[PDB]
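**Student:** Supplied in structure tokens, the structure appears directly below.
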Amino acid sequence: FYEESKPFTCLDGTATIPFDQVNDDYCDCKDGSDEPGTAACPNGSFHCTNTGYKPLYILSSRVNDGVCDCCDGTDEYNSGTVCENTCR
Ligand SMILES: [Ca+2]
Ligand SMILES: [Ca+2]
């Protein structure tokens, strides 16, 4: 009748979790692949999309650290620091 969506598998094959454990602010994958958008994994990376300009990757520990790391300011989305777009 209703088919269920498949779960997420860590890019390193170390675990399979439902997609509600993706970006849930707890590190479930040894490679950090379940938390690309948060500061939860010690070896993760956050992608600065920097729309219109060169994209950059930063350490996950720099997501919501209150410091402006991406020129588009997208790394600071719930920290209290409001970053201005400085890509130009
Ligand atoms: Ca997680
Ligand atoms: Ca930051």
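By order of appearance in the structure tokens: chains A, B, ..., then residues from 1 within every chain, and ligands from 1 in the order shown.
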Mind checking which residues fall within 9 Å of residue 18 (chain A), counting only C-alpha atoms, ignoring those fewer than 4 positions away in the same chain, and posting them as an mmCIF file with C-alpha atoms, in the first residue's frame?
**Tutor:**
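Wrote it out as around_0.cif, contents follow:
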```
data_model
loop_
_atom_site.group_PDB
_atom_site.id
_atom_site.type_symbol
_atom_site.label_atom_id
_atom_site.label_comp_id
_atom_site.auth_asym_id
_atom_site.auth_seq_id
_atom_site.Cartn_x
_atom_site.Cartn_y
_atom_site.Cartn_z
ATOM 1 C CA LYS A 6 14.899 4.415 2.583
ATOM 2 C CA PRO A 7 17.147 5.450 5.535
ATOM 3 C CA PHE A 8 20.428 7.389 5.359
ATOM 4 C CA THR A 9 23.692 5.462 5.229
ATOM 5 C CA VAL A 22 20.549 13.906 9.659
#
```
**Student:** Which residues are near ligand 2 - at most 12 Å, using only C-alpha atoms and all ligand atoms? Format: as a compact mmCIF listing (two decimals) with C-alpha atoms, in the first residue's frame.
**Tutor:**
```
# COMPACT_ATOMS: atom_id res chain seq x y z
CA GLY A 37 24.82 21.67 8.55
CA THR A 38 25.65 21.69 12.29
CA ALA A 39 28.66 21.83 14.67
CA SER A 45 32.73 20.31 7.10
CA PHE A 46 30.22 23.02 6.37
CA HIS A 47 29.78 24.23 2.79
CA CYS A 48 29.68 28.06 2.23
CA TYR A 57 34.32 24.68 3.05
CA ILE A 58 34.99 25.37 6.76
CA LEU A 59 35.38 23.15 9.84
CA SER A 60 32.04 22.04 11.42
CA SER A 61 33.26 23.51 14.76
CA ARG A 62 32.92 26.94 13.05
CA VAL A 63 29.15 26.54 12.52
CA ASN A 64 27.33 28.82 14.98
CA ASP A 65 30.52 29.68 16.86
CA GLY A 66 29.56 33.40 16.76
CA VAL A 67 32.38 34.17 14.25
CA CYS A 68 31.70 35.09 10.60
CA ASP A 69 33.55 32.36 8.55
CA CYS A 70 31.62 32.24 5.22
CA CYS A 71 31.55 35.47 3.14
CA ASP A 72 27.74 34.82 2.78
CA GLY A 73 27.36 34.49 6.57
CA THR A 74 25.42 31.16 6.31
CA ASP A 75 27.62 29.47 8.97
CA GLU A 76 25.96 31.73 11.59
CA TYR A 77 22.25 30.95 11.54
CA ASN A 78 21.34 30.45 15.27
CA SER A 79 24.22 31.92 17.28
CA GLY A 80 23.21 35.54 17.94
CA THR A 81 25.96 36.87 15.64
CA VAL A 82 24.28 38.28 12.50
CA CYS A 83 26.84 38.18 9.73
```
**Student:** If you run DSSP over the backbone, which residues in chain A end up strand (DSSP E or B)? Put them as a list in words.
**Tutor:**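 Filtering chain A down to strand (DSSP E or B) leaves residues 8, 9, 16, 17, 45, 46, 47, 48, 56, 57, 58 and 59 of chain A.
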**Student:** Pull C-alpha atoms from the residues just selected and write them as a PDB file, in the first residue's frame.
**Tutor:**
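Output (result.pdb):
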```pdb
ATOM      1  CA  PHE A   8      20.428   7.389   5.359  1.00  0.00           C
ATOM      2  CA  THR A   9      23.692   5.462   5.229  1.00  0.00           C
ATOM      3  CA  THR A  16      22.294   3.496   8.876  1.00  0.00           C
ATOM      4  CA  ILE A  17      19.979   5.987  10.486  1.00  0.00           C
ATOM      5  CA  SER A  45      32.733  20.313   7.099  1.00  0.00           C
ATOM      6  CA  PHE A  46      30.225  23.023   6.370  1.00  0.00           C
ATOM      7  CA  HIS A  47      29.780  24.225   2.795  1.00  0.00           C
ATOM      8  CA  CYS A  48      29.683  28.057   2.234  1.00  0.00           C
ATOM      9  CA  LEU A  56      34.429  27.503   0.463  1.00  0.00           C
ATOM     10  CA  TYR A  57      34.323  24.676   3.045  1.00  0.00           C
ATOM     11  CA  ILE A  58      34.986  25.365   6.762  1.00  0.00           C
ATOM     12  CA  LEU A  59      35.380  23.149   9.841  1.00  0.00           C
TER      13      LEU A  59
END
```
**Student:** Using only C-alpha atoms and all ligand atoms, find each protein or nucleic acid residue lying at most 10 Å from ligand 1; present the set as a PyMOL selection string.
**Tutor:** chain A and resi 17-29+32-36+38+40-41
**Student:** Could you pull out the helix (DSSP H, G or I) residues of chain A from DSSP and send them as a PyMOL selection string?
**Tutor:** chain A and resi 19-21+60-62
**Student:** Deliver the residues from the most recent selection as a file, using N, CA, C and O atoms, as a short mmCIF file (atom, residue, chain, number, x, y, z; two decimals), in the first residue's frame.
**Tutor:**
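New file result.cif:
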```cif
data_model
loop_
_atom_site.label_atom_id
_atom_site.label_comp_id
_atom_site.auth_asym_id
_atom_site.auth_seq_id
_atom_site.Cartn_x
_atom_site.Cartn_y
_atom_site.Cartn_z
N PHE A 19 16.54 9.54 8.28
CA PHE A 19 16.92 10.89 7.90
C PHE A 19 16.58 11.94 8.99
O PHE A 19 17.19 13.01 8.98
N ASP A 20 15.74 11.63 10.01
CA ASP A 20 15.55 12.55 11.14
C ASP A 20 16.82 12.65 12.03
O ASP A 20 16.81 13.46 12.93
N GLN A 21 17.82 11.75 11.85
CA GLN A 21 19.09 11.82 12.56
C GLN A 21 20.14 12.55 11.70
O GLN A 21 21.33 12.58 12.06
N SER A 60 33.35 22.06 10.76
CA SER A 60 32.04 22.04 11.42
C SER A 60 32.04 22.81 12.75
O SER A 60 31.03 23.41 13.12
N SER A 61 33.19 22.81 13.47
CA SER A 61 33.26 23.51 14.76
C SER A 61 33.13 25.01 14.60
O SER A 61 33.00 25.71 15.60
N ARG A 62 33.13 25.53 13.34
CA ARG A 62 32.92 26.94 13.05
C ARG A 62 31.48 27.28 12.62
O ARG A 62 31.17 28.44 12.30
#
```
**Student:** What does the distance between CA of residue 43 (chain A) and CA of residue 55 (chain A) come to in Å, to one decimal place?
**Tutor:**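 So the two atoms, CA of residue 43 (chain A) and CA of residue 55 (chain A), lie 19.2 Å apart.
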